[PDB]
Each structure stands twice: as structure tokens, then as C-alpha cells.
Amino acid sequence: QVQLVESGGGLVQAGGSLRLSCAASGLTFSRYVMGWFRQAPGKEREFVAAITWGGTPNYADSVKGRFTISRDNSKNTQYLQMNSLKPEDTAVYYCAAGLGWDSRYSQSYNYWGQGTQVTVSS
């Protein structure tokens, strides 16, 4: 009943760009903080970026300045623009929607996407 669909993933060259899309159905989209997390094999799932119901964004330290998050409340869609991509950025990326306090934290989110592979080659 509640679904978050990632797309826009896949393979890219380093220094190149990707635009991740997350499509939301089954909830009043305008009410949730929307976020992106990533898990690279070998590593723990880590916060990437988040956006408020009013469009105020915030980012993990290591993507700050390179990534830009945004939301289209009229299309139930949020976007992660990924620029200056690095081999460090290789991970499954997950969108999430949440009502919990601190954006930076997995437990602040109650709805999760399936995740999409982003591979970056040197």
C-alpha cells in the first residue's frame, strides 16, 4: 500500500553525473521529510541527504556541495542530483520517507524504497 520507487540509477564514469528519482505513492507526500541513504557492500548504511516538507535540504559531510536534493510535492517525487561523482559514491541508494525528528537517522524514517545500484568507475 505504501511504496517508494527509485530509478535513475546505474553505471557512470567518475566526474560524471546522475539524477536519482524517487516516486512516492500511498501517503500524503507533502507531509514527510524525504531522504536518501546509501549502503556500499563492506560498509554500513549511511545518511546521504534529506529534505523538509518546506524544501529545506541537508547533506552528509562527504556529499556536501556535490549533491543537490529537491522535491516536487505536486508529483510526489523527490530528486537527488549527483555531481562530481567519485568511486567512493558507489553504493545501493535508498529513498526513505519519515516523520521522525532528526533527518540524519535511519530510525527517523518509516517508509523505505527497494534501493537502486549506483556504480562509479575510475
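Position 1 is the first residue in the sequence shown; the rest follow in order.
In this crystal structure, the stretch out of 108-116 and 5-13 whose C-alpha atoms carry the higher mean B factor is 5-13.
According to the PDB record, 65-73 carries the higher mean C-alpha B-factor of the two stretches 28-36 and 65-73.
Taking the deposited Cα B-factors for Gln78, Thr52, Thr90, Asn83, the highest one is held by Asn83.
In the deposited entry, the Cα temperature factor of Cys22 sits in the middle third of values across the chain's modelled residues.
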